[PDB]
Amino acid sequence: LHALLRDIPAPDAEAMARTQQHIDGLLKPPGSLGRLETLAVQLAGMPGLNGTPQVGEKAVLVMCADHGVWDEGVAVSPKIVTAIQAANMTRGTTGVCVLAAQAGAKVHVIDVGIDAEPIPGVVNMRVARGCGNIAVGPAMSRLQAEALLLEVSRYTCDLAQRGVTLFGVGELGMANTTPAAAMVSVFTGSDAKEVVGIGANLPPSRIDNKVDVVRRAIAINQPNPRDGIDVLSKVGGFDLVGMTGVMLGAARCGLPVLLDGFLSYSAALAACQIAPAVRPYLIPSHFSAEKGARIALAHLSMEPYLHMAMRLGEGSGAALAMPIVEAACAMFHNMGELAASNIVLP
């Protein structure tokens, strides 16, 4: 794991320089394509893409798991929905499945801790039947966190061998916006009230209880904000740990990762805390309607491309933004050049 974090490659400034020069000479006013140009350059710096903005196979990894904190009354959805929905993921009827299909990406459903019997067709990496109730103690041990990080990381970079060049991350777990809020609060230094949202339609009246639970989880566990793994194991979850692992794996693989919503933001904060070298590989997708989204994105210093007021999770936003990443590549490779048209601009 120390080896893993140690070998994360730095962006290729040489490739980025050639990219910028090429973009500037395209049939358009310099910089007129805004963030599309910026995105194209970023990709070019990623060693896994071979010095150029390109997109081969696409995959969305969905980490599924249950949370003990569900018993604290912080989620209105039945607990079994996690297992049921994970199963639907294999049938391609879920939101991320439909959106991924539109983007030509493949959805990988991974069980890292669902509290139910194993689901056929689902990748099995189950740590336990649900994580501990963070309200009264840790969600898991530090070893269980590190082990899962390692496992998911290898799985991710292994997919690279099969031709995957763009990753999307997502989750599925009833009550997971609670540990996510706790993590955001700890990494950010913001009060729980500022980060706790309604998750999956939590009634406004029950919001006060959710804030109390987050506070309790933090007071009891005393997670070290300077230790990302410590925070994840104490007030996080298996699904959140998995998302972090995907980010570390892609970074080590020198490939781009598309974040999704609020849950992915907390995992991204943890990842960047564990290994800053990961940041250059992160690509935002949309701006989650969850209350604590603005704060989480600010500390990540990211500005999403899409404002859809989405809050489904599953990696649905990640899939929706994949066409954008491909558009930056198309621009870079298919556009004509000013010089070829004898156009000279000041």
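Residue numbers here begin at 1 and follow the sequence given.
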According to the deposited model, is the average Cα temperature factor higher in 191-199 or in 267-275?
-> 191-199
Which is higher on average in the deposited entry, the C-alpha temperature factors of 249-257 or of 69-77?
-> 69-77
Among the candidates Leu143, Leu232, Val169, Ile134, give the one with the maximum CA B-factor reported in the record.
-> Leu143
Which one, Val123, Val164, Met183, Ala217, has the peak C-alpha temperature factor per the PDB entry?
-> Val164
Third assignment of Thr82 from its chain's C-alpha B-factors = middle
Could you look up the Cα B-factor of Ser153 in the entry and say which third of the chain it sits in: lowest, middle or highest?
-> middle
Among all modelled residues of this chain, ranked by Cα B factor, put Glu290 in the bottom, middle or top third, i.e. lowest, middle or highest.
-> middle
Pull the Cα B-factor of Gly92 out of the PDB entry and bin it into the chain's lowest, middle or highest third.
-> highest
Position of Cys329 among the chain's modelled residues by C-alpha B-factor, lowest, middle or highest third = lowest
